[PDB]
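Quick one: the structure is below, questions incoming.
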């Protein structure tokens, strides 16, 4: 997660030859999906993206204390001006190419530097496994081959279907 | 497959197994999130392996995903494409969209997977180009027509649909009719495709295909369209920014 | 993998039981009971 | 496919159906038993009559 | 709490704070169990009536009409059935 | 309220006819719903 | 490996937060591309990972106390080390002469950690 | 903890550049972006590695169990 | 030899052999795209494309259909040969420019 | 199209060649092939790197596996042609030969320095061998290698890489086996500190632009890209080759109407940096060769039905 | 051909078609009658 | 209120590959 | 010299039934110390 309540679960460790790559010849460390934004309105992450890229370029720490900017002095303008002075696109977009096809993507894509936090934590699988002496039903476990339970919410589902053999 | 809480039967469906080298997690197509109410935020699922042919038959014919296109609550779609795939569709099916012979053929093959159970033919069929001269060009709408043409039954007339999408004509310019979705004899002749057409959306194209040609064809169209848009996105991608 | 105990439930041993966690218990020639 | 599930080999190698052996599948099951418990697609045991 | 600020140009620190209030503000099982436990064995019979498992007749029709909900979408979609007549046949 | 209903059943010398889904699950009987709502027989020649 | 944030609140310095790095500066792209990043799922670069990115560790401490049974200041039955009866010998791959494990040893389920 | 050997993205060796980078800021009194350039770090990939390194190891090293404090 | 590298997918190859699908192991876009580019220059080819079933199985599917002068297998061979020759042209050109530099 | 037509039109331009980096253009080649070379240079051109690390002792603050990892990232200045590949089906004894493997050792103990100038902060004068560098990897030749590598000892390409730090009483003791591998397998084998390309700039002006517009227009591109001509007073393009494609022009309303930004479209500007083992040109040659062998190896494989 | 199956667990399904959608009534907006789940319980 | 102060004297610190500061 | 005192740091060794304590301090808490031995790693 970034520092804006945009928490994500790692889906793939994507091979770098398969990632998109920038005009600058860089591959992203992390991808976050644009569809993760319009419902949450973490506009502060977009600001951090510009500011962080501009900071990495100019060798500059960027102050992001709340309420230092305002409507007559916006950060998108401020940091954008800084990117333009560095030689990158003022809106924080960058041209990229598909790792798979090799071709330039349809539009410039939004890229930058955002501080990320790794969140501390486990899966389980069972073939079969130890049962309890009295009921001969699967023991509770995980660390010993724990078996999930088909529950009554699952009973009701099986009736709603009537997979009677699955129930049996 | 099962994700808890299991509050209706579609949170426990039968899936066909596909073993994948090098994976450490279960991989699940997006079209199923609706049913399972799954978010991909580190949520877990259970996989149960029935152990005799009666249970096999039931999981493949009764509790299997494929039928369960419509919900029993109101009889409406629960499976469709989302996000990238909707954005991609608006772009691919735009009037401004043209493709050379090379590109057109490549989009087709990348999404058809003719080496499947959908040997509707054992040869891929293509349309003639829309523009013959000065240069051979196909439109995006032709990619759709070509897709349907390769996955619907050949001994059966092409679908006929008059529908609408979410985008008003005014957005395209004077005189546009792109809000009107027209399928004649299986060909997309007018309109873009939208959340209203291959989202989980009553009376759109995929629900229409579901009625006329059955759930197997509709499920196939849905997967095909998914690869098409995924590929189209890898080739032209995706949208951001402050400027917006 | 040894425990010696429980000989073997096959009258052409008795050859010599180790239990795997999966509860087959396995004797060397290769009965799993 | 929208009707499939991607199964990791770590599962594929530990989960067995009990398959009954017949004329129509003797080739397949021969290979599984040869492959053993640890090479997928293999087998972990045999039930006798 | 009328906020004239917008997420683009920020809210008065003031707007932000008020907007935290609004966000924090928002932050049936037993009923379902009882319905299902009583309705569990009520089903459609081969005579089209709706019966409980002990044979008790609950309704005379599946819906008074025997008619699947999941096969219903196009039954009164006549113009869609008239084009497409031949495929339906 | 298990013991109450049980007490009632005993004092009625009740027979559980085993027709409800609950009862059949208790005794391990195939459910009365569904693929179970009919019998299958084989047509044999000779 | 933590990094100082490039984008910082000035108070981050005032509370001495660099003494406890809490994250790292990633190159982040807001892109639909892999197809595996919908529903708030995210992608990490495989080479980035292989080069140390978010390369973290977990530590667990277990207490082995064989005075657990003995009834209070009792005679001692069990002493760390090896006896002179016959025992595996594969054991010495994990364990030093004292019956404690050599520091650094790789240890997977079932291995000795104590004798 | 200690300087990474290679830049995560470039592959470019960066581990020989930490001690000098500090000496540039300290002795030659340069700003960060000038010093990074002087060490040959051109791509922002690579500038990021040295610019934002935290030599946390120098803290770890103050706890040495093998000497009488 | 090595028989496990490329195989015919007989369920999408016609009787006359003017149309065929091949499955090649251990190859992605790199060779696939380059090979279809070359093949499509062959005037007897009516259709050609490649696809990658899944990023996790190292497999490459090539489809070739001809107008009937040569078989599909011929076009695959001319394409492969054409591709080899094309690399030679590049290697030689690069060499000369390095020398002349 | 035709291979001869390609030969006549293909062209190479070498802007700058150096022992570490190359900048050159491939002109009139298809993107599919430029991309191939690029992919191959990063991921399939073999290199030598440490693969197996054998610890005998490490009482430093840095954990074994982490230390092993960094040693694996150290680019060894070794010609990969001087080595054959390991067969990973043989037992460990048979696996590693004088044609297979290069052995590096590392052996440091840290002691306290008595002669430290009292009140010192510098660990060089406080401790002996506090800092361990890549240059401290000693090359131990095996068998025939005493001869073969006598003219080129094995040295890290970047000697001053910081590998570990120690305090009095701590020691590191390890041997490393270094073998052939490719980037696609693990990035430590990639022979580039990066190979990439860009398509060449094409800035074409859709009508003359002069006077105060010319000066304005000129400042939307880096210094030297846009020239103002004396006489016609109109702006023209000096060299697009210096342009960074910021699209800055397209922001200002007055110009967005009068400029299209494109590429000389195949025209690929390659930049290749070597990690230190081989020269750029060698790495690019090796890739153009690798592609050709793929095509050749395939042409000669029998197609099984 | 649109006739409902003999065998359908319409009872379970009706239960789910009332219980499941009612989870969308866990909260409320801002005659004067009893609403949502409380009412459904009454 | 005063705005957050603009940092004075910012120049290009990024160029397309193959060019540098004094090419501008 | 297998062990180390946790308080005074004196390096020292034990024997069969010996005083589990530092022979200098009398502190009864000892840290293990570790000896030339082969552990093998893959540099990945």
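A, B, C, D, E, F, G, H, I, J, K, L and M label the chains in the order they appear, each numbered from 1.
Definition applied: a contact is a pair of C-beta atoms (placed from the backbone, for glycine too) under 8 Å apart; a residue touches a chain by one contact, two chains touch by 3 or more.
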Note = Intersection of contact sets, chain C vs chain K, gives A
Chain nearest the overall C-alpha centroid of the shown protein atoms = A
Ask   = What are the two chains with the most C-beta pairs touching?
value = A-G
Inquiry  = Taking the mean of the CA coordinates per chain, how far is chain D from chain G in Å?
reply    = 36
Chain B-chain C separation of Cα centroids, rounded to whole Å = 55
Query = Which parts of chain G, given as residue numbers and ranges, touch two or more other chains?
reply = 3-4, 6, 25, 27, 30-33, 38, 40-41, 47-48, 50-53, 104
Key: Shared interface positions of chain E, touching two or more other chains   = 32, 36, 40-41, 43, 46, 69, 72
Query = Which residues belonging to chain C are in contact with no fewer than two other chains?
reply = 22
Ask   = In their shared complex, at which residues does chain A touch chain J?
value = 16-17, 21, 23, 25, 84, 87-90, 95, 102-104, 108
Residue ranges of chain J touching chain H (in the complex, touch as defined) = 59, 61-62, 70, 73-75, 112, 134, 157-165, 167-170, 187, 190, 192-194, 273, 275-276
Inquiry  = Looking at the complex, which residues from chain H come into contact with chain A?
reply    = 8-9, 31-36, 43-45, 47-48, 51-52
Ask   = Can you list the residues on chain G that touch chain J in the complex?
value = 47, 50-52, 57, 104
Key: Contacting residues of chain A [partner chain F, same complex]   = 159, 162-165, 167-168
